[PDB]
Amino acid sequence: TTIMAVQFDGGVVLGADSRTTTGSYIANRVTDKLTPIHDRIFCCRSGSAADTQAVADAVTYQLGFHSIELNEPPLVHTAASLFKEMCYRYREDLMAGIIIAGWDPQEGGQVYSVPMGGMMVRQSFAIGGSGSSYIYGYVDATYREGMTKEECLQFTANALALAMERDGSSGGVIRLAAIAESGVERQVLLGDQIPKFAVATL
Amino acid sequence: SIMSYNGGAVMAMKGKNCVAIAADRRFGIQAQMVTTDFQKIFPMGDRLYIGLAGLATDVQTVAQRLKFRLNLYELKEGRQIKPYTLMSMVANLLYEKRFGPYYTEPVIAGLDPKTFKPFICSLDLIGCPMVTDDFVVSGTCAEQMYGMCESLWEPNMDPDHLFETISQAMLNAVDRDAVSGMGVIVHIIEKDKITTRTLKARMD
Amino acid sequence: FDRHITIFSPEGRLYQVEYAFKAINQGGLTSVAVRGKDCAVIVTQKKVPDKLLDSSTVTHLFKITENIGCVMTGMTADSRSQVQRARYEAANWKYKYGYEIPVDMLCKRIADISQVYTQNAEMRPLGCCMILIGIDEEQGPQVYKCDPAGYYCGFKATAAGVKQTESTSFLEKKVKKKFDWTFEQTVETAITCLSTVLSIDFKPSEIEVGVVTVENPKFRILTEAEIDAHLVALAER
Amino acid sequence: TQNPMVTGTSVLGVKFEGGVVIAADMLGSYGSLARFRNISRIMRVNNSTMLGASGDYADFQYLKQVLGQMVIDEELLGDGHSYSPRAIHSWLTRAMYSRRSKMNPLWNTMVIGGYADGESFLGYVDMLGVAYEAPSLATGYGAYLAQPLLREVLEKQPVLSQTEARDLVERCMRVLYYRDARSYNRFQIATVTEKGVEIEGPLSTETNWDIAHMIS
Amino acid sequence: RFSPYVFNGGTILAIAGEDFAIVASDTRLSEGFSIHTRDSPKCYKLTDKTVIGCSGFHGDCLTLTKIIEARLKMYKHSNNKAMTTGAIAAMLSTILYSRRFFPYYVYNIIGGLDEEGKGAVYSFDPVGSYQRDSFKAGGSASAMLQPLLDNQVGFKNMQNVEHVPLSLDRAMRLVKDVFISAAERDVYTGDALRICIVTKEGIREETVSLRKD
Amino acid sequence: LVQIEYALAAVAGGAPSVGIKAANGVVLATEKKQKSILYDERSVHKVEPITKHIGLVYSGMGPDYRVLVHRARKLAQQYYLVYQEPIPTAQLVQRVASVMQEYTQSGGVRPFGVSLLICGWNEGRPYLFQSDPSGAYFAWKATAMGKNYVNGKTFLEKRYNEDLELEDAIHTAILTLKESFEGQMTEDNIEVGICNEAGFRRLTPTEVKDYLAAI
Amino acid sequence: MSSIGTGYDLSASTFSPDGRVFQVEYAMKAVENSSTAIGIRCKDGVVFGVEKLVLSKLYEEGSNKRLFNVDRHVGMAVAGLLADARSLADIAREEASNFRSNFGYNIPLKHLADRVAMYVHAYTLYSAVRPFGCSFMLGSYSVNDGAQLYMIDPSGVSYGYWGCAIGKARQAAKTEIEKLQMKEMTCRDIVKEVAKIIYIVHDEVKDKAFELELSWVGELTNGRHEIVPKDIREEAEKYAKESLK
């Protein structure tokens with residue numbers, strides 16, 4: 001599992017792998033870990049799959065009901081706060097690391113981390129999962145202030161390719177999603193579309 | 001193990017238009033034999049018996065609460081219970097205690113009260129029904145009973161060959177288990193009669 | 001006390017349930033829903049009596065989900081409460097059952113809630129009318145209306161409010177004559193019906209139109225320029 | 001919280017003549033991983049109370065939520081009554097002891113600094129409910145590595161100026177950067193005086209590494 | 001696993017007299033090998049005749065003194081009089097035993113005056129067993145102080161000694177001596193000695209410097 | 001109670017429902033007139049399945065009716081959880097009439113203004129039952145409900161015989177409604193459900209139309 | 001006029017034969033026996049004004065505050081019955097608190113007003129409770145949504161208002177707010193106008209002493225609802241005294 005979301009100017013780019021492991025058996029190799037919470041707010045699910053699907057469905061419920069009452073698009077910080085309240089209230093029953101990323105008219109493109117324990121913090125880029133550990137140095141070296149949409153898609157694709165390469169829990173295809181005002185563009189990177197890197201042979 | 005605390009060995013075998021249910025007769029607390037006439041097959045109708053092996057207190061508790069629920073059913077409904085419906089009743093009763101479970105594994109042997117078709121089934125301790133057409137066994141000598149029944153069961157037996165088959169199965173099966181035995185009682189259930197025999201078994 | 005609470009009269013009637021329909025007429029406002037071939041509109045009037053009031057907040061057209069809308073007629077706080085309950089039941093259907101609630105199932109649910117008001121004596125019937133529109137995935141446009149009695153039905157067209165009976169007579173002469181359909185005619189039929197029985201020759205700041213179409217099932221609340229685009233097209237013929 | 005996840009390290013605090021100054025580095029670590037590097041571990045409670053916290057940062061965000069809503073709900077009345085720093089300290093002692101007694105602690109260790117009625121307040125509360133007040137506080141490894149420097153200065157000179165206390169806090173943060181492996185070279189310094197609570201930051205330490213060449 | 005207790009050190013001491021009760025304690029709050037503060041007295045004025053000494057886990061000590069103060073006010077509301085020393089003793093026995101199964105890790109010594117004007121010392125275990133003593137040391141160095149108090153206040157293991165009643169000045173000398181001797185050898189004991197003297201005139205309260213290690 | 005007789009007054013004001021127990025099945029025809037042409041008659045149903053083998057119909061008050069449709073279906077499936085056997089029709093009528101009796105004993109509520117015609121097929125044998133708002137239930141050969149049920153109950157008593165087939169019982173259940181229809185019924189303004197050995201089903205209006213053409 | 005004795009007007013759980021709930025109407029008639037609170041939203045804020053009657057010279061000159069801070073960005077001007085109005089102040093205050101605790105930001109006006117109008121409505125259909133005898137204005141400002149002014153009556157209906165008036169002289173106050181270009185004025189002109197409109201509709205020969213209470217929220221308070229400075233208040237007092245002449 002490696003999940004990733006990067007804020008840019010105008011919206012956010014989200015990314016995830018597709019590998020779900022039962023121990024060291026790949027139970028699902030095309031997992032959609034990018035969950036549409038509302039129309040322009042997605043989450044990235046890492047951790048226990050039952051926990052993340054339960055909390056994502058419950059925040060989807062509460063957030064859609066909130067948006068119909070308020071007759072407005074919801075805030076990304078509102079969905080992130082609902083994940084925070086659910087993941088902190090049941091932090092001893094849940095093993096769920098969430099990255100909330102989306103766009104809203106009030107505050108632009110936003111990325112929030114809700115890791116295990118249930119805290120919430122806004123970030124420019126967030127990484128999570130068991131494979132994000134292998135790309136902390138890469139994303140610290142590579143993230144530049146003010147990248148564009150295509151540059152953030154390429155940055156997310158490269159970092160997820162690296163994490164899939166080193167983690168055994170990570171693998172599969174790269175599922176990208178870029179959320180802006182015009183809507184959500186999603187894409188799947190598979191095979192040669194996943195950025196290859198050379199193994200230092202000889 | 002909680003099941004092997006008292007011993008217990010019940011099987012039910014299907015014949016042509018007849019079923020046979022048979023149980024051992026030892027009540028023992030662990031190694032010590034206490035009585036040799038413990039009831040492990042209770043009547044649940046005219047042509048419908050349940051046999052219970054396992055922990056003897058849960059044999060009694062499950063049989064008494066099943067007789068409770070069954071008498072209320074057969075008075076509220078105005079019919080004798082179908083043996084499949086009895087199986088579902090026992091399965092509900094055992095699955096209500098899913099995390100606090102009755103340490104007994106029933107076998108049900110009977111004829112349909114309207115069709116006289118032979119029914120056998122057996123359940124686990126939390127109520128998974130398991131209908132077969134040849135034999136069901138349950139108890140601390142399960143594998144001995146599987147060997148004897150898988151060898152000796154042949155289809156379409158009259159109640160005499162059914163008696164001989166379930167009798168040799170029970171006797172030679174419980175004579176290779178320590179905490180079972182001390183007698184075997186055998187109920188042959190036909191359309192027109194119930195035959196009940198106790199066997200010359202080893203008493204050690 | 002046989003006419004104060006919801007218990008039966010000696011001829012089998014519920015008088016508080018009868019008086020809730022009188023309470024619907026207290027609002028002074030008439031709503032009309034008609035249904036087309038691939039569309040279903042709701043039109044109510046938007047009488048704003050106080051001129052230093054924010055007219056963008058006076059509305060009887062309510063979004064229930066993205067695909068289901070709603071016109072309310074009757075006691076206004078009762079209407080907002082029944083709207084909040086419909087929004088709850090829609091979201092909870094989507095949560096528990098994994099798909100968007102049908103219009104008949106939501107209207108049946110709200111009528112099932114209203115029956116409880118008609119049967120327990122400690123609370124009154126909730127004196128207002130809900131008309132739900134929305135596009136069914138298999139049946140097309142659906143127009144459903146639940147009353148304070150707990151009845152609901154599906155409607156080729158319907159009306160709710162003060163001039164309900166004359167609007168019903170108008171639409172009943174209308175739908176046995178033509179099979180009214182198309183996007184334009186169905187707004188025409190629901191604007192003409194309201195206009196004929198109110199007899200006041202609309203300007204677009206005075207009514208409000210809510211639509212669903214099969215081509216885009218999102219419940220839309222019409223812009224005042226779009227009610228102009230229907231009223232000018234209707235007012236020269 | 002039976003198991004803390006993203007923790008914050010030492011929070012300092014010292015009274016000076018005219019207020020209290022507290023500091024906390026801006027790092028929340030998951031185990032050893034310096035994962036969250038720009039998080040503020042110092043709360044402004046109200047005009048006269050500030051609060052820095054160690055331990056689990058989700059629990060501190062909970063206490064920020066609850067205590068900030070208490071400050072809001074108090075200021076809605078407009079009745080001229082404010083929560084004192086001692087009142088925030090006592091409420092928080094009751095909260096941490098009450099969570100302790102249910103065997104569900106808030107995994108925090110908190111420094112409540114304050115200044116009301118011309119009197120400085122500095123208060124320690126940890127996850128068991130052990131509360132006290134002192135002229136200098138230090139949680140985590142600050143109780144080992146910073147509280148010596150703090151208490152030796154407060155032994156020689158009981159009454160510090162704001163500049164002396166600020167320099168002493170910076171100096172202890174430099175020590176904690178050298179010797180504490182969960183610390184970080186980016187910290188906020190919060191001050192409460194008569195002028196209210198000001199939170200300054202991010203501040204860095206001046207590193208010295210001359211002993212790295214003294215190995216031969 | 002979460003541990004709901006910590007031993008914060010601290011030694012307390014009360015001595016009864018003919019017309020006085022002296023309750024004393026060190027002021028060091030400790031944890032492990034650290035010192036939280038050096039000014040945290042463990043004696044608490046409850047009424048104008050009663051001082052409680054609390055040592056052990058300091059969170060329970062704080063909570064328990066706040067409960068005792070609230071129960072004093074509830075008593076004075078429902079009964080229109082302040083509590084006696086024996087009534088606070090019996091009440092605290094009930095308070096401590098109500099928490100039998102998740103105890104207050106607190107060593108309580110109540111020292112004060114009874115209703116005939118004489119000094120009264122009550123010594124409690126963490127679950128509320130008490131008795132009235134002539135003197136009692138509790139807490140961190142109780143096993144150190146209590147033999148010397150058995151020697152000098154109790155007049156035990158002495159032959160041909162005169163059994164004079166203990167005056168206030170000599171009992172103050174004994175309190176200061178025993179806490180110097182405990183500050184030497186107990187590492188949790190030190191930094192000051194707060195001494196509360198309960199007399200007929202009220203409660204006066206003194207402090208004496210001890211070692212800082 | 002007086003509210004039980006006043007609840008029966010709301011039943012006798014309701015639309016006619018007729019149910020006839022044939023030899024190989026049970027019909028349940030009702031009156032379903034729309035008040036105007038504006039109402040989609042396809043939408044709401046009066047004949048209603050409870051199980052795959054039990055259906056029912058009513059006279060009186062429809063919203064009261066749906067409350068017991070929902071609770072008959074719950075009692076039926078909680079029987080099926082316990083026994084894994086479809087519920088007997090008579091057992092289900094005991095359960096439902098116990099529910100319908102509960103709202104007469106408790107104060108602060110009124111009785112149901114609805115009377116149910118529960119049909120069924122279990123153990124190769126049809127059943128016709130009527131549950132009254134009191135909570136009392138009666139087994140029937142044939143009966144009427146609603147508006148002029150008395151005249152229907154003596155129209156049925158003249159045309160009922162025991163060696164009657166299900167198709168002929170559909171024919172004489174349409175006639176019992178037609179004795180009180182007031183204005184030319186069609187396949188869109190009545191509603192018939194039948195039990196037989198194949199289970200309960202509500203007849204499609206194309207299938208009601210041919211039965212009406214046979215009359 | 002004429003009384004009714006059949007008893008349709010004794011519980012809120014009962015309709016009349018012409019379809020009215022008279023207990024709600026009698027609660028709304030309790031509001032029009034109370035002094036006038038006005039509320040005007042402008043280009044950059046909402047301004048509240050209450051003629052708080054002083055029916056003993058012994059009170060503390062600021063007792064019985066009919067202006068409320070229900071959240072730090074929302075304020076509440078009440079008319080009608082004070083004890084019911086303080087109950088609803090606590091309800092609106094708790095509802096704002098619970099919204100922030102659950103969703104993480106300030107409660108929107110139009111959502112606070114709806115969630116409190118639902119409480120007021122839920123006390124209008126039971127026999128065990130009575131309707132509230134207070135109507136009240138909620139007024140907020142923030143940056144994203146602008147000025148927001150809703151009023152909630154005893155019936156439970158909440159509408160948006162550019163100006164609003166609740167109380168016994170509400171109608172002539174609607175008149176003199178209707179003589180005013182509130183959509184273009186700033187908050188500091190609306191306070192002068194609020195003070196003079198309160199001083200016009202105050203009949204001194206029936207109720208003879210009062211204290212004018214003002215509260216604003218807007219750009220000039222950074223979207224915080226406050227009482228407003230005594231200097232600005234007494235300038236509005238002097239403009240209202242001189243304006244009346």
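Excluded from the calculations below are hydrogen atoms, water molecules and symmetry mates; all remaining heavy atoms, backbone and side chain alike, are included. The sequence lines fix the lettering, A, B, ..., with proteins before strands; numbering per chain opens at 1.
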**Item:** CG (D201(C)) with more than 12 external heavy atoms under 6.0 Å
**Value:** no
**Asked** Which residues, numbered in order, of residues 31-49 of chain G come under 4.5 angstrom of chain C by heavy-atom distance?
**Response** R41(G)
**Minimal non-hydrogen separation, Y161(G) against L53(C), with atom names** = CE2-CD1, 3.6 Å
**Asked** Do the side chains of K51(C) and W162(G) get nearer than 4.5 Å, heavy atoms only?
**Response** no
**Prompt:** If only atom types and distance count, is the side chain of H4(C) paired as donor or acceptor with the main-chain N or O of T6(G) below 3.5 Å?
**Reply:** yes
**Prompt:** What's the spacing between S11(G) OG and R124(C) CZ if we round to 0.5 Å?
**Reply:** 10.0 Å
**Request:** Output the option from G7(G), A117(G), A128(G), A12(G) having the highest count of non-hydrogen pairs under 4.5 Å with chain C.
**Result:** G7(G)
**Prompt:** Among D114(G), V120(G), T124(G), which residue forms the greatest number of heavy-atom pairs with chain C at distances under 4.5 Å?
**Reply:** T124(G)
**Prompt:** In terms of heavy-atom pairs under 4.5 Å with chain G, which of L52(C), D50(C), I5(C), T57(C) leads?
**Reply:** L52(C)
**Asked** Crowded around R188(G) CZ? As in, over 12 foreign heavy atoms under 6.0 Å?
**Response** no
**Asked** Is chain C contacted by the side chain of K174(G), its backbone, both, or neither, given a heavy-atom distance below 4.5 Å?
**Response** both
**Members of residues 78-106 of chain C whose heavy atoms come closer than 4.5 Å to chain G** = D78(C), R80(C), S81(C), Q84(C)
**Request:** Tell me, for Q26(C) versus chain G, whether the close heavy atoms (under 4.5 Å) come from the side chain, the backbone, both or neither.
**Result:** side chain
**Smallest separation among heavy atoms of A20(C) and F15(G), with atom names** = CB-CE1, 3.9 Å
**Complete:** Turns out that what part of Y117(C) lies under 4.5 Å from chain G's heavy atoms comes down to side chain
**Prompt:** What do you reckon, is CZ of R20(G) surrounded by more than 12 foreign heavy atoms closer than 6.0 Å?
**Reply:** yes
**Prompt:** If you round to the nearest 0.5 Å, how far is CD of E122(C) from CG of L125(G)?
**Reply:** 10.0 Å
**Asked** Counting heavy atoms not belonging to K145(C), are there more than 12 under 6.0 Å from its NZ?
**Response** yes
**Asked** To the nearest 0.5 Å, what is the distance between OG1 (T76(C)) and NE2 (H121(G))?
**Response** 10.0 Å
**Taking every non-hydrogen atom, the tightest pair across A77(C) and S155(G)** = CB-O, 3.4 Å
**Request:** Would you mind telling me which of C164(G), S158(G), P17(G), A122(G) has the largest number of heavy-atom pairs within less than 4.5 Å of chain C?
**Result:** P17(G)
